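1. Sequence and experimental coordinates follow.
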Amino acid sequence: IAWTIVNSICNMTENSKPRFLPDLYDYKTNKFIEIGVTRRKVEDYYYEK
Amino acid sequence: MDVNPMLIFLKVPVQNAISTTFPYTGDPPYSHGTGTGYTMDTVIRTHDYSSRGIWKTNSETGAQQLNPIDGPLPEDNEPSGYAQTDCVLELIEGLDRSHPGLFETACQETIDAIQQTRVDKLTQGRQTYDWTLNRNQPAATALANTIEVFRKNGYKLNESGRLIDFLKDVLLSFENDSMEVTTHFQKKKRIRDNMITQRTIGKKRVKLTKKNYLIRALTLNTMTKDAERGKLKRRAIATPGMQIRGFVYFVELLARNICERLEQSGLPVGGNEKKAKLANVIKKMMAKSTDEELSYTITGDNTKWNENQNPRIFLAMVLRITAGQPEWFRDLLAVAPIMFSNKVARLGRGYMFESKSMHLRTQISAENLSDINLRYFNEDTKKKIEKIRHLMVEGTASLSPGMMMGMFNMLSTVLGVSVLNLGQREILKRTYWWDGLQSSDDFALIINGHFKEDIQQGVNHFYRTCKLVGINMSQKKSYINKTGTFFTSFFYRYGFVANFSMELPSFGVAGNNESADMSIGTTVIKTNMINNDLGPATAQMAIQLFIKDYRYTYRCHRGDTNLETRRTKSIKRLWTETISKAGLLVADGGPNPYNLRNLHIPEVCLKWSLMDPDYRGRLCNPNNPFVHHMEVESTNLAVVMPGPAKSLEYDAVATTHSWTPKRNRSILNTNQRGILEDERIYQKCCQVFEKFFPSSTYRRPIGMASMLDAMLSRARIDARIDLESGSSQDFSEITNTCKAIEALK
Amino acid sequence: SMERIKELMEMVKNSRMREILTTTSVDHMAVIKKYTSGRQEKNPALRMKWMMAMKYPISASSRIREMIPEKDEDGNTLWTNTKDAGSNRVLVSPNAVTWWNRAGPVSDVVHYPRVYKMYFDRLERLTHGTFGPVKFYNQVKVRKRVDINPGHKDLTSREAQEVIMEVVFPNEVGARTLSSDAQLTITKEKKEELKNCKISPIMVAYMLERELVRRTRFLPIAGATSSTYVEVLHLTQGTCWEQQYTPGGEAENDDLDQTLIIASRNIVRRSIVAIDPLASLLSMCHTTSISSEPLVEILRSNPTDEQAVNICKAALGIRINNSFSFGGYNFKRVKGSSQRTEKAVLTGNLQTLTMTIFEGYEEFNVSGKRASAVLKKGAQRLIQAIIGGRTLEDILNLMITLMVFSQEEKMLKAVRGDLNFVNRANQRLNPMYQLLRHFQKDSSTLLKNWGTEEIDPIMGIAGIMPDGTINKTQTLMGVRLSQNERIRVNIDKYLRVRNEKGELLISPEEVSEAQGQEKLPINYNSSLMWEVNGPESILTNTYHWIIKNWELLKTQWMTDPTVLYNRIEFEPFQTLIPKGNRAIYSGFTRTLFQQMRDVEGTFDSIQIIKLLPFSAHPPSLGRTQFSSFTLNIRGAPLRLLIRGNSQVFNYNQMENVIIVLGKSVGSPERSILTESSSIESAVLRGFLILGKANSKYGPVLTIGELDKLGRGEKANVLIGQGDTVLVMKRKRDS
Amino acid sequence: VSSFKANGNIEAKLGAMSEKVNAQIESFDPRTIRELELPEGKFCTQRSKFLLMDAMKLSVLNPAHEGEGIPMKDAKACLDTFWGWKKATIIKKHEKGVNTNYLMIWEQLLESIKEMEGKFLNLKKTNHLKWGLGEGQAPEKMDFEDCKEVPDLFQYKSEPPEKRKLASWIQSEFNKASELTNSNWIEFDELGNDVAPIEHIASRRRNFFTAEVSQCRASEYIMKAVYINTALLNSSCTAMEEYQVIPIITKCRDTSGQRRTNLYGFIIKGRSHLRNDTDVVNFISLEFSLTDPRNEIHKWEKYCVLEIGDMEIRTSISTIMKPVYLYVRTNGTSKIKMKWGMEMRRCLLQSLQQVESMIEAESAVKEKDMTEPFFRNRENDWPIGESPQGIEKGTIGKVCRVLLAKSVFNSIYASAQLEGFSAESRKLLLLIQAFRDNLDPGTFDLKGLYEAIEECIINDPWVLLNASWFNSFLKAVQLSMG
RNA sequence: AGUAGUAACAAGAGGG
RNA sequence: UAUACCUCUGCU
Ligand SMILES: [Zn+2]
């Protein structure tokens, strides 16, 4: 399903197909969303992802 | 003057006129009754060959299991199954020696295979013995039943969706002593009409003991093989059960990956390549020799091939091949040899009796041969009934030693090959040496040396070395001559000649449908012109005769004929209605377009430009109700038998002539009447699932989740995006329905 | 998006199937789909003959009852209500199928040939094909694996699956990347072509599957092996005949180049054997045609670099493709030849590249920009590079360019990190340019790893060190620093290609003796060539000609045999013999014939026929023994035994026929030859065979042990095929 | 297993093993070996489904296609061409049958015809017909419990077949089957126009084949077989409960191209609830013939022959009147049997492929289309017979018909015996060939092979005849060789 | 009776 | 026990 969601979204927009599975998708701004929670700080995981 | 066609051989060499020694234009032999007499004959002979072996009662079964391996060495030319483990391992080791890292990659490929193999792969293939119903069933059902039973009991690892997890359950199922299975039986109700009896099927839960389930799992069904040519007497063939299938698949998959990389292996390649391998070995054997040396070829058949091949040895093989690999992989493959070592065989329908005086007949189940008076039978039979009773257990009969046709494959050939691989100069280091090609019981062997006695030494050495691993060359059916002429109905005479008669039965109407038969028919002619020297003139006549058979069989005679069938009128309407006649298909009363140059071009394609646009619009109307949408993997496929059984692909355009005939209806009367409804329901669920996943018909959807959940999840996003970027009242209506359903459990 | 969810509701309402839709998993759905009561029919031919006699044998969707009438114009019943076992499907008559085809609903299908392209391309080639004449002759066939799917846009199974999924199942696609323009262009083109064609997606996927992926098969083939020719084997070849045929459409460059090399090689190897090879060659070039196109006009326009081809180009006056350009510089090869080999190799970062590595000694004049160099190269080796330029930078640039071109292990070992350079049009450059644009940006480690020699000081020559310094007596491995026309090439009678300085560039003897099987059909219209291609043909026809003209040649064998031996019908046979054996073979043969004449009474015409074509060469005065003559045929050499039958020459008395490589070349003289009771001469040099060996003459000898016997002494010898015989050394000397 | 390493086991076990276990090559020499052992017993009876050489046709001129017109109407038409009928009398009895029933059946049939209308004709279930068609002869099926204790309850007879001896007639049949006639028996469907030269060559070669073959008497048998088996299968499937009459019809063309309809007799189908492919349909054959059965009474064991009329015939100089007989019989067949009978035309392919190969093989070496030579340049140069004078050579045209007959008889007399004999004797033929090619053949256990072969020669005329043919070949080989 | 050939068919099951 | 009918099946 998830990939069918990704494909379905990218097919009705000019968005490129992401390599890994994102977590959400905003319709107003048309942006794939990858959420990142962690016990560490923030810059570490941010620049890791 | 009396005419004698064999006198042709005075002038013409036998190979060049071999077509006359093949009577393949008449109906082949068919068994009328039962194969109990043949099954018992096999089971008896099997033990009789291993008689000197060690008997032991099985702990879990109580079966009188005979063991001939590592038994006494034989001392006569009679068939014998007293192989030697160390002698096998020596050959298997030598085979490893001669092919650096073959076993490595062979196993490695099997590892990736095992890991990646879904359970779905087991729905493919020949029919299997369904221990659930005690009858043979298509793999797809025989499996589905076993899974349902496993599910109803405490087994559901297969739910994962990978063969090895299902394959795990089978070993665990041997533990549960009380296995719960549902039976079906015929009850009779009473109905009133505005009063008559009524028939109806009811279900009855039963539980089986360890003793039973273990036997049923080790049970291998038996039948008489029909339509078998070349032989006066019928033979018994066997069908494996659902348990051992999964393992045999991987053992065979390993043995295949082995055989694929051996010159001396005839399997699994086709005739053209077999002949290429036979050419290669001859070229090599002649190039490797000196001018002052002899070369003899022996046309070879191994007598009682399966009866004298032992599962214990197969265990030794599979172990030695896997040497150095992960022990879970080592164990996984070792299963099938063990299950075979402890295999028990069903004895078919049984027998039928007849009273001359009273004019009556009666049937008796094979299970009843334990408790039965022997006054009914004749000598040969009742003697066999005697000999079998010592082995008989729980209806079935124990069969530890030997094998039976239609059980197992490939690995047996690896045995034969290793004996050929033994014959290298660099291994034997004698005044003689040998090489050849082998597939199952059939083998061709080239023996080289300096003298005729030198050759004799090689023959005997090869012959006895074969016996030491339970391979018996047929001294009656095998023979030898100087290298030049000699394999599986291929005939080499300083080069392979043609054997067209072998293929004659394939020249006819295959009986799939109007569409498929036309493509198969023309292709048959085509492939024989290429491979078996079917000449132009005869090939043209072959076209003519096929068209005649095709037209008569399907009642599709040409629109301008004066014949009278059930179709002639409707075909006549079409013929008059039609403007461009040449465009009409033979199935629609049109002319035959085919000749030597056309044979490779589908009829609809070949006649496309000549069709009335309406006609072809109707003919190829994708909305027609006659076709039923298959799956990509099963589209344009048919079944053919040369070998045991094989799929034949054909080229054709999907038209209204691409239909399937009615199904058999006998089951309506039987207790399994409900399977039809099961099928009817099961299909209807996939019919709608495909509406949510059209992709499913091309590639099988890998997924572990409720069928309904998958449909709903998509049903949402389809409905949403069809609006978002593509009315909200329809969207709300769809989401309301999606939720409304989802509420219901 | 409605009726599906309505349907789903109406279904889920029923607990019967809501049970299934919840319980059975997406995986298990595959299992229950194939769940059937029906068996795979054992005898469908019988069953269909049985069933077609029945009124309603076909099963069709129930909607047929809405679509077509129950009864037709003539009163035939078209469908019934009886439902097919295990289906919601009804039983119908064949008259239903016909009614549909003459009165059913018409549909739009004109784009279907795009879907069934794989089929209609077969017709297309045939419709536009041209037939020549039919030639009758012994058609030898090689069992070989070949392509079955002409027009296969080559990409692996999963690579095709990805493309198919994209085109017919775009939204329900998996989750993989589209590798390159390879897949992309196919996808977009096929998506463009199949734009809204009313047809089942399953069929589209199926046709695409059959269409895109390669399929091979082992088949017996004579002649052209290209896919479009494989497609029509049944039409073009038979047991005894060839139907000359060219299929519609144009040939493929790879196939053309491949067969061009094969033709040129054969022409060269033939010409060598003739008197005035250059004259013989030019003739064959003007007469020969490939795929019904002049070999000359091909050579005029073909860039192929191959020794035989270049010899032909030199003879015809066409310039050889000695020149090319790389890394900006222009390379001109002055001696050597491009012996290329496909391989895979590891970089210093252990990345695997796929190279076309070159073998053999090669010499280049390299010139470009503001720098020039002479390059001597071996297989992955820089033997020497003498470089000059207007600036040390310009020199060093060329040095790098050459050090790359060398393909040494050093340079590859030196490659740190991965190489992912991409040319302007998002094109990924080949490994040779990849390695270049790498080191051109960082040649730091390359120079540290290349190594250094000490060298002797020579005026005008200097060395260069890895730090960029110039040193008189030290230098990087192979590199020398020191401060251009189209070369006029000539070729002589015997096809030796020389430069204007009189130095050898190409020798016909150096031409690879490789008998590969052509891709496209080759047609020689030459008297010097036999009618058929391949060495098997040369054998059969050579031995055929002898038998057809036997009596004429038998007298010639008696009176004036030196003329018989120089018959130009024996020339193509000689090509099958190795260069350095023809003389001693013909000498050995001619003397064996002379012995048969000197020693009256003894006569073996079959032995004469067998060995005769080996006599066609200026003999040598060697006195070496031979048990067999070797013949190079399709790579593997075959040994034709001097005494008795062989795989090459087999006289069969049961048929009274000579069999050459399994093919009858004809029946020898009526019976005259079966009636040849004699004692054997013409097998050994100076020896006579006198029947079975007698132990009275001691232990048996071998052929190598026959230079220690008195002239007249009798002895036992292992002569061949495990046979001992009594042998006598004759007194006189032929 | 994991720790196993070969030191030298096979050689040790080899040394240990008894020396009796050997594969001694006994050199093979045809001049030495004996002839096959033919069985003894009563003579083999005819077992075909219709009369071969002894058949008689009542024919009519008819321009219709091959298979057009109502068969029964065509039959009535043919019946009229014969004037000299008689009251039916029995002249040769069917020793094991109620022969009066056959006589009643003939009259019944002949009357039912005279009184019919329409296409199909179903005979009323008279007891004398019921008897001939085996009505009710199936023992009723019972649960074992309800008949456990019956004295004579045994398993069905399961002994090997009763041996039989080789008679002269089966060779006579093949002699006639291998001959030309004055009627075109085979009508080939159309073909796509020739375009390639090889297709012209093919059609040129194909015309010759069609000429030599279409007139061969074996082709007439092919058409009778295809017609009968097709009619029976269709009738069997459609009319399971009725006794349907099926006239034995063929269509052909005179040497003048004049179309003709031939009637050989009738067939009366029994009930046909065929389930298994082996299941049997009983039927009654009723065929015309001039041949006096009493002149070869062994050939006709299963038959009851009536005498039904007379007619005149002319010889070379003289001319005399002869009587006409009706060979009546009860016979049986199965779905698989008539399925393969429907396909008998493939016999043409077996023959002609062999011939074409022979023509092609010479065309190869001669480098020329050797068709017109072989067929037109008439030369007798293929051994295909034995007279008192000795071995006789035939033409390629004759070989076609001989090979076609062989194929056709392989179909008509299909049997596990033939299946076995053909398979095993092939090895002996190859061994003979091997010696004749001077390839020094050797056998391990020859008498085991002889027994393997001989085991298959039981009671089938065709098998017996082929066994004989093999011996005649063996002797013929021994002579010229020795 | 006949088919057939190492065992079957010569209808099977039901309204018992 | 017999005689008539009636339904299902024709590779299961
Ligand atoms: Zn027709």
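-> Ah, there it is. Numbering: from 1, shown residues only, chains lettered A, B, ... in the order given.
2. ok, how many other residues are close to the closest residue to residue D:374 other than its chain neighbours?
-> With CB to CB, 6 or more residues apart in numbering or on different chains as the criterion, residue D:374 has its nearest non-adjacent residue at 4.6 Å, and that residue is residue D:396. All C-beta atoms are positioned from the backbone trio N, CA, C, and that covers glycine. By other CB atoms under 10 Å in any protein chain shown, the residues close to residue D:396 number 23.
3. measure residue D:396 to residue C:470 for me?
-> According to CB to CB, to the nearest Å, residue D:396 stands 91 Å off from residue C:470.
4. show me the contacts for the closest residue to RNA strand F within the stretch 351-482 of chain D.
-> Here the stretch 351-482 of chain D gets closest to RNA strand F at one residue, residue D:414, 20.4 Å apart by CB to the nearest atom of the strand. Contacts for residue D:414 were tallied using CB atoms under 8 Å, 6 or more residues apart in numbering or on different chains; they are B:23, B:26, B:27, B:28, D:340.
5. switch the cut-off to 7 Å
-> Listed by CB atoms under 7 Å, 6 or more residues apart in numbering or on different chains, the contact set of residue D:414 reads B:26, B:27.
6. what secondary structure does it sit in?
-> coil (DSSP: H, G, I helix; E, B strand; the rest coil).
7. what separates it from residue B:204, distance-wise?
-> 48 Å.
8. same deal with residue B:94?
-> Counting by CB to CB, the gap from residue B:94 to residue B:204 is 57 Å.
9. Show me where the stretch 101-250 of chain D has its strands.
-> Counting by DSSP state E, counting those that start in this stretch, the stretch 101-250 of chain D has strands at residues D:122-123, D:140-143, D:153-155, D:183-184, D:243-254.
10. Can you name the residues of the stretch 601-745 of chain B that neighbour chain A?
-> Counting by CB under 7 Å from any CB of the partner chain, the residues of the stretch 601-745 of chain B close to chain A are B:710, B:713, B:714, B:717, B:721, B:724, B:725, B:726.
11. If you count surrounding residues, which of residue B:94 and residue B:204 has more?
-> Taking neighbours as other CB under 10 Å, residue B:94 and residue B:204 compare with residue B:94 leading, 18 against 10.
12. Which residues are in contact with the spatially closest residue to residue C:508 that is not a sequence neighbour?
-> The shortest distance from residue C:508 to any residue other than its chain neighbours is 4.4 Å, reached at residue C:495 (CB to CB, 6+ apart). Going by CB under 7 Å, 6+ apart, residue C:495 touches C:268, C:271, C:272, C:277, C:278, C:281, C:311, C:508.
13. For the first one, give its distance to residue C:497.
-> Residue C:268 sits 11 Å away from residue C:497, taking CB to CB as the criterion.
14. So which of these two has more stuff around it?
-> Neighbour totals were compared for residue C:268 and residue C:497, and residue C:268 leads with 24 against 21 (other CB under 10 Å).
15. For that one, what is the enclosing helix or strand?
-> Assigned by DSSP states H and E, residue C:268 falls within helix C:253-273.
16. Flag every buried residue along that helix.
-> Neighbour counts over helix C:253-273 (16 or more other CB atoms under 10 Å in any protein chain shown) mark C:255-273 as buried.
17. before we move on, what about stretch B:214-230?
-> B:214-226, B:228-230.
18. Likewise for stretch D:374-390?
-> In stretch D:374-390, counting by 16+ other CB under 10 Å, buried: D:374, D:375, D:382, D:383, D:384, D:385, D:386.
19. same check, this time on stretch C:76-86
-> For stretch C:76-86, by 16+ other CB under 10 Å, it's C:76, C:77, C:78, C:79, C:83, C:84, C:85, C:86.
20. Also stretch B:267-286?
-> B:267, B:269, B:271-278, B:281-282, B:285-286.
21. How about stretch D:251-269?
-> Neighbour-count burial for stretch D:251-269 [16+ other CB under 10 Å]: D:251-253, D:259-269.
22. Quick check: closest non-adjacent residue to the closest residue to RNA strand F within the stretch 351-500 of chain B.
-> As assessed by CB to the nearest atom of the strand, RNA strand F sits closest to residue B:359 within the stretch 351-500 of chain B, at 11.0 Å. Among residues not flanking residue B:359 along the chain, residue D:139 sits closest, at 4.9 Å (CB to CB, 6+ apart).
23. Of the residues of the stretch 601-745 of chain B next to chain A, which is the nearest to residue D:432?
-> Nearest to residue D:432 among these: residue B:710, at 70.1 Å, using CB to CB.
24. ok now do the closest residue to that closest one other than its chain neighbours, which residues does it touch?
-> Once flanking residues are discounted, residue B:710 sits nearest to residue C:26: 5.4 Å by CB to CB, 6+ apart. Residue C:26 is in contact with B:701, B:703, B:704, B:705, B:707, B:710, counting by CB under 7 Å, 6+ apart.
25. What separation is there between residue C:26 and residue B:705?
-> Residue C:26 is 5 Å from residue B:705, by CB to CB.
26. Mind listing the residues bridging to residue B:482?
-> Residue B:482 has the following beta-bridge partners by DSSP bridges: residue B:296.
27. burial measure for the residue nearest to residue B:359, as a count.
-> For residue D:139, the count of nearby residues is 16 (other CB under 10 Å).
28. Now it: phi and psi?
-> With angles defined as degrees, to the nearest 10, residue D:139 sits at phi -60, psi 140.
29. isn't it right next to residue B:361, touching?
-> Yes. Assessed by CB atoms under 7 Å, residue D:139 is found in contact with residue B:361 at 4.2 Å.
30. shared neighbours, the two?
-> Counting by CB under 7 Å, 6+ apart, the residues touching both residue D:139 and residue B:361 are residue B:354.
31. picking up where we left off before, what angle do helix C:253-273 and whatever helix or strand comes next after the helix holding residue C:268 make with each other?
-> With elements assigned by DSSP H and E, the helix or strand that comes after helix C:253-273 is helix C:277-287. Put simply, helix C:277-287 runs at 140 degrees to helix C:253-273, going by axes from the mean of the first three to the mean of the last three CA atoms, to 10 degrees.
32. Check which residues of helix C:277-287 are buried.
-> Buried-residue list, helix C:277-287, by 16+ other CB under 10 Å: C:277, C:278, C:280, C:281, C:282, C:283, C:284, C:285, C:287.
33. how many other residues sit next to the residue lying closest to the second one once chain neighbours are set aside?
-> Setting aside the residues directly before and after it, residue C:278 is nearest to residue C:493 in space (CB to CB, 6+ apart), at 5.1 Å. Using other CB under 10 Å, the number of residues around residue C:493 comes to 10.
34. Please tell me how far residue C:493 sits from residue C:508.
-> Residue C:493 sits 11 Å away from residue C:508, going by CB to CB.
35. domain assignment for chain D?
-> What curated CATH domains lists as the domains of chain D is D:24-43+D:160-215+D:343-482, D:44-137+D:216-342.
36. tell me the most buried of these?
-> domain D:24-43+D:160-215+D:343-482 (a mean of 20; mean count of other CB atoms under 10 Å in any protein chain shown).
37. Give me the contact status of that domain with RNA strand E.
-> Yes. Contact of domain D:24-43+D:160-215+D:343-482 with RNA strand E (CB under 7 Å from any atom of the strand) involves D:160, D:161, D:162, D:415, D:416, D:459.
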